[PDB]
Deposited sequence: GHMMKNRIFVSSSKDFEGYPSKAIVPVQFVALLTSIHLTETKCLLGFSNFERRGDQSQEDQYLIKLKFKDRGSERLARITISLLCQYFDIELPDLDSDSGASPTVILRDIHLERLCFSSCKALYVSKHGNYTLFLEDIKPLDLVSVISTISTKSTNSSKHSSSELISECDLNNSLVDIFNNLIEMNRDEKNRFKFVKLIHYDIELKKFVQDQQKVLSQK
């Protein structure tokens, strides 16, 4: 249950137990939301540049529900999670993809890694949204801080690369401090 392990990369998992319950915690950008009748998937990524050719949703957190009761709470959580970050939700399924193309949505997640027969799934225990300004400040253990530096380094990797769809200059936010922080210590080193 509760003596938690930091995860710097979803690749760590392929080296994990194979039959256990490991309380985990990672830092990533919320990149996708899917609420269906059956389930609700939250996709996160730090954009490690695997090869690529795919980084978008490298952590997929499962919000399992069974009834009218629990789906309410699922929707309320999604609603509150989008509101925090400024994401337009419907009124009263949700398909949201490549959220990072419009909005840098840094999140700090506590989840439960459960494995059975080599296979594993992550169950959400907590998501702590981080404000971009609070993130930028935080770059001016340091596991969280190192992951954020990593993630922003990877976001400069993707932006100057004229092939990938993500552009800083194409974000919605959009704080004048962003252009500064990007041009600053990061995309000069």
Deposited-sequence ranges lacking CA coordinates, in order, are 1 to 3, 96 to 103, 152 to 167, 217 to 219
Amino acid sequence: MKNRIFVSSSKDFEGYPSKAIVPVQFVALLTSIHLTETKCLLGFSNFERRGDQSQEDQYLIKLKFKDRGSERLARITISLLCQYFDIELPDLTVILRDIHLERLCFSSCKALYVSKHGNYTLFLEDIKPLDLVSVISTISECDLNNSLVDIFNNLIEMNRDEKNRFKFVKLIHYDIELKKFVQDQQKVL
From here on, numbers count along this sequence of modelled residues.
Among the other compared PDB entries, is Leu92 dropped in a third or more? yes
Within the set of other compared PDB entries, does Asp143 lack a model in a third or more? no
Comparing average C-alpha B factors as deposited, tell me which of 115 to 123 and 76 to 84 sits higher. 115 to 123
Averaging C-alpha B-factors over each stretch, which comes out higher, 173 to 181 or 16 to 24? 173 to 181
Selection from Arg68, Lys62, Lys128, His34 [criterion: highest C-alpha temperature factor in the record]: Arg68
Please say which third, lowest, middle or highest, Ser45 falls into when its CA temperature factor is compared across its chain. lowest
Quick check for you: using the entry's CA B-factors within this chain, is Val188 in the lowest, middle or highest third? highest
Is the Cα B-factor recorded for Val94 in the lowest, middle or highest third of its chain? middle
Sorting the chain's modelled residues by C-alpha B-factor, tell me whether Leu30 ends up in the lowest, middle or highest third. lowest
Report the third (lowest, middle or highest) to which the CA temperature factor of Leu144 belongs, ranking only the modelled residues of the same chain. middle
